[PDB]
Amino acid sequence: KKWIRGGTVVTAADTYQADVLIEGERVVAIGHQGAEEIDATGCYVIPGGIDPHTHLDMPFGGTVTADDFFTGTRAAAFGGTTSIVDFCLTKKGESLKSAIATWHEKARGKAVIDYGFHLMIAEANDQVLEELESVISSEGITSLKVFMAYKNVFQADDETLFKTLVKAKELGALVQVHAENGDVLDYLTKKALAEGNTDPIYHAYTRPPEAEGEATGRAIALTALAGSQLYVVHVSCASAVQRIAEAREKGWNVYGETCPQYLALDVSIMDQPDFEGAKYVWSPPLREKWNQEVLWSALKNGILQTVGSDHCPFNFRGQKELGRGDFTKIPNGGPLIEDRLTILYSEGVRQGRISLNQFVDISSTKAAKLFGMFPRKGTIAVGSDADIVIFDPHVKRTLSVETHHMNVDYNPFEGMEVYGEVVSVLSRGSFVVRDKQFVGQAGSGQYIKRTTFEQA
Amino acid sequence: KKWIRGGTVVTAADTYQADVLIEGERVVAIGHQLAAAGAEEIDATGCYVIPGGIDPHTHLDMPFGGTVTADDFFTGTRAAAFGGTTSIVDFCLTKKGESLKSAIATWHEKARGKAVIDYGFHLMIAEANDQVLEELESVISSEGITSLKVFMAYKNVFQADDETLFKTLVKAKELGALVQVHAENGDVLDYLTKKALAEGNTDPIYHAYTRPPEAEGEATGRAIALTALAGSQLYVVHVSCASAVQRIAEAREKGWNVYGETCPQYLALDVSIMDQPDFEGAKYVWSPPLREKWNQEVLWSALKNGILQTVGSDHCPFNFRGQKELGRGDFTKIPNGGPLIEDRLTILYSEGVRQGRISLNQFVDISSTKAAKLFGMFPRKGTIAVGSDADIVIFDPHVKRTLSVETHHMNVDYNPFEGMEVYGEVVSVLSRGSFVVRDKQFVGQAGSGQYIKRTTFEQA
Ligand SMILES: [Mn+2]
Ligand SMILES: [Mn+2]
Ligand SMILES: [Mn+2]
Ligand SMILES: [Mn+2]
């Protein structure tokens, strides 16, 4: 038994002042009038972040991502996030269970906060189409990623894409896509080398917005044809929001996600001199600052509805260095998991782009309702896991590597001045972070078995 | 020397009355009181005098199924002539691992000595590996070809992938070639196709529901996006539905060079006609399929406000008996295609001009001129001006006649517009100032057709 009193609680809908009362793992009562007191006067009390886009301990390049399931989830916790959903990678000619098996073992004993999996799909031949039944019922997985890019590495063709969509329809699974046209990026990529333009800046100009716009449109069209449901990850540009908007107007179930770096960084930052740009090499690439406004408008009027990190990080030394000679080899990815919550707060709420209620919905709730974790996760209500987060909106602080908790040598928002700080984080009503201290234990994270798809 | 007098001449722009004067192969002067010293008179009082149709979409003597198309280059071009058309542009098919010249070589020999009117080729592209990218240079300069078709459908038969599609676009940019695409998503059609069989829906009607509009919309959009990325230029052939015109409109608003084509059957037929008891629907099996009647209006609006700009036949015909019969058991095997080359011109006239959908000047532009300018045959073809080949067509707009197999000239056992009452009739057709058809009689000769070497792309 724990007792948060003095708090002003904020949810996707509500904003009020009241004591919440945790017992065991769950919120149990809320209101006025022997248990561990915890004072939250003047702080906001909010549901735990959920970050539906993670790659902890992933291979990409001949190397692996810096954070593991321990360092990763700690950093998430430190930065306000209580549940992640990571991407389990399948390998063509591929016992689907032996993949999942591997991703469980990647977490077991390391994770400190709760976590679920998405399942990647590489080919959709009969073998795989079969296993999918077992996994959705037995293995607690109900969302499926197909990459339309990374040619000859993760890329699916329209066939796989469609078959998966129709099966997803049949089973109750959310298909997710990385919507860039592999084929056109490859050419532009191999051409930019032909000409000897090998700086990291050309990672950005070798995958122009028109190519995200295109795959997004495409993946939407099949969804339409299939009668299934879509969730485009990491929408970075206007070309794509446009296509998403358009379909949602016709009433199809298409969904949208961004990350902070597309809300708060632009391409100019890549054009820097000493390989500094490689700090920004990730896919889709950063975009002209015009786009940030559109992405934000989308979040505000409910056109995009979730935000994730696509945390997938590599050290500037040794790892990002892997391709000084050429940007093909820079392992694509950023360290984004920790600051996500608070840049949403500071750049969005604090400067009048979204409401405080929307800030919760965008970072926590809506992701739960789309990924089948609701109401166990993503709200403060009676019954819900006590993934609470006490949050001080008044702090002014500067984001830096010197002070972040991710296991990486840099921070892409380095030097950015920001409001708001995470004071303490509960996970199922145990402290993971208290007064800004890691009091958690590795292995305390539980897998979350998610339910099948349902609307919002 | 020939002398058309009494005529009211109509072009893409002009409409006036005057005598034209042909000498040799070419128009030479126009007006009143010309110097027509002892030259063959030809009376055209009360008829319209117009440039020859150009039909930029033909497959004469093509293999599709294990069988070949009914018309050859002789029966075909004759029928074209009978129905107002003086120049075609046919699709030369390449075969993966494929001397590009040995394909072309074949398509020349398919025409030589058979063709009666002039003809050019498009070149199909199956893969765009380095070997092929190389040959393209030779062909555009030497072989007179400057337009390139990539099929986004017909999986495991003619289908290209986005790679081929893009590489070809960027090359086309570089060389000066118009890329053309058949914009349907092969992959989604295959699945729907193999599913419809799974369930035992094998009638020809399911040819139409196994390739819904959303799938044309999608490929059209896609093909446009690469064109954008490539800086190249596009020509979507046979737009059948609103989903695609929309995508074409959208891009032409942003100013890119994207172009559009329909055929008559999408302007004048709808899906209901497929749902018929016995194998009757197989008469309509072709791709893209017929569509809901709502779409006709949009296609027409597009032509009128300049959003689509050409019309072709996609004449590719097969006999109802024996040939279309090839798949009573299932529609996968119906060889896809219709007999559309002959009536094209006059349905454009009768359903469009005559009922107030387009202007008479537009009717020429839509059937003749604009196709010349996009395919690099202008001003040799597609207008009545001094210098231009004398591909004239005297045309009687007052006739009322019923279209039928009993009376058409294509070498096929049926007519898809069978029974349709129509205004306008072709009286006589000249090709480089020799009669091919006179007072509705075939006075032409096989072999008189000349290949047209076309120029590289340029706007409009
Ligand atoms: Mn991605
Ligand atoms: Mn990702
Ligand atoms: Mn076609
Ligand atoms: Mn065709």
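Residues numbered from 1 in each chain as written, not as in the entry; some residues may be left out. Chains lettered and ligands numbered in written order. Heavy atoms only, no water.

For this entry, the PDB record names X-ray crystallography as the structure determination method and reports a resolution of 2.80 Å.

Within the PDB entry, the label attached to chain B reads D-hydantoinase, and the organism entered is Bacillus sp. AR9. The UniProt entry for chain B carries the following comment under Cofactor (unreviewed entry): "Zn(2+)". Word for word, the UniProt comment on chain B under Sequence similarities (unreviewed entry) is "Belongs to the metallo-dependent hydrolases superfamily. Hydantoinase/dihydropyrimidinase family." (UniProt positions renumbered as here; feature names shortened; annotations may be inferred.)

Per the PDB entry, the recorded name for chain A is D-hydantoinase, and the organism is Bacillus sp. AR9. Per UniProt, chain A carries the Sequence similarities (unreviewed entry) text "Belongs to the metallo-dependent hydrolases superfamily. Hydantoinase/dihydropyrimidinase family."

Draft legend 1. View of the domain arrangement of chain B. Residue and element names in this part refer to chain B. Domain annotation for chain B reports domain 1 (1-51 + 380-460) and domain 2 (52-379). Domain 1 and domain 2 are separated by 25 Å when their C-alpha centres are compared. Carbon and sulfur atoms supply 59% of the area that domain 1 and domain 2 bury against each other, a total of about 5900 Å² over both sides. Between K381 and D118 there is a salt bridge; the shortest N-O distance is 2.7 Å. Between domain 1 and domain 2 we count 40 residue pairs in polar contact in total. At 7 residues, the largest contribution of residues to the side of domain 1 that touches domain 2 is made by strand β17 (residues 421-431). Residue composition of the side of domain 1 that touches domain 2, by class: 30 nonpolar, 20 polar and 12 charged. (Domains from an automatic or database assignment. Buried area = accessible area lost by both parts, 1.4 Å probe. Salt bridge = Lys/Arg side-chain N within 4 Å of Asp/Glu carboxyl O. Polar contact = N/O pair within 3.5 Å; in protein donor to acceptor, adjacent residues only side chain to side chain. Helix = DSSP H or I, 4+ residues; strand = E, 2+ residues; numbered from the N terminus. Nonpolar A, V, L, I, M, F, W, Y, C, P; charged D, E, K, R; others polar.)

Draft legend 2. Representation of the UniProt feature "binding site: Mn(2+) 2" (unreviewed entry) in chain B. Residue and element names in this part refer to chain B. The positions that UniProt labels "binding site: Mn(2+) 2" (unreviewed entry) are, in the present scheme, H182 and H238. Spanning 57 residues, the named residues nonetheless gather at one spot, since no C-alpha pair among them exceeds 7.7 Å. Assignment of secondary structure puts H182 in strand β12 (residues 178-182). When residues no more than four places from it in sequence are discounted, the contact partners of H182 are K149, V150, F151, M152, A153, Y154, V237, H238, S287 and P288. Here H238 lies in the loop between β13 (234-236) and α8 (242-253). A relative accessible area of 2% means that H238 is categorised as buried. Apart from the residues lying within four places of it in its own chain, the contact partners of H238 are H57, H182, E216, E261, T262, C263, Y266, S287, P288 and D314. Within polar-contact distance, the side chain of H238 engages the side chain of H182 at 3.1 Å. (Contact = heavy atoms within 4.5 Å. Buried < 20%, exposed > 50% of the residue type's maximum accessible area, 1.4 Å probe, protein only.)

Draft legend 3. Structural view of the UniProt feature "binding site: Mn(2+) 2" (unreviewed entry) in chain A. Residue and element names in this part refer to chain A. Sites flagged by UniProt as "binding site: Mn(2+) 2" (unreviewed entry) map to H178 and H234. Mapped onto the fold, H178 is located in strand β12 (residues 174-178). Sequence-distant contacts of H178, defined by excluding residues within four places in its chain, comprise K145, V146, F147, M148, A149, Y150, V233, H234, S283 and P284. With residues near it in sequence (within four places) discarded, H234 still touches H53, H178, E212, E257, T258, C259, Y262, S283, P284 and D310. Reaching out from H234, the side chain makes a polar contact with the side chain of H178 at a distance of 3.1 Å.

Draft legend 4. How the structure looks around the coordination of the manganese ion (ligand 2). Residue and element names in this part refer to chain A. The protein atoms that coordinate the manganese ion (ligand 2) are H53 (NE2), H55 (NE2) and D310 (OD), at distances of 2.2 to 2.4 Å. Summarised as a motif, the one-chain spacing of the donors to the manganese ion (ligand 2) is H-x1-H-x254-D. Distance-wise, the manganese ion (ligand 1) is placed 3.1 Å from the manganese ion (ligand 2). We note that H53, like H55, is buried. (Donors = N, O, S within 2.8 Å, 3.2 Å for Na, K, Ca; no water.)

Draft legend 5. Broad picture of the coordination of the manganese ion (ligand 4). Residue and element names in this part refer to chain B. Surrounding the manganese ion (ligand 4) are the protein donor atoms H57 (NE2), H59 (NE2) and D314 (OD), which sit 2.1 to 2.5 Å from the metal. The sequence pattern formed by the donor residues of the manganese ion (ligand 4) is H-x1-H-x254-D. If you look at the manganese ion (ligand 4) and the manganese ion (ligand 3), they sit 2.7 Å from each other. Placement of the pair is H57 in strand β8 (residues 53-58) and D314 in the loop between β15 (310-311) and α11 (344-353), with a sequence separation of 257 residues. A residue is classified by how much of its surface remains accessible, and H57, at 0% relative accessible area, is buried. Take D314: its relative accessible area is 14%, and that puts it in the buried class.

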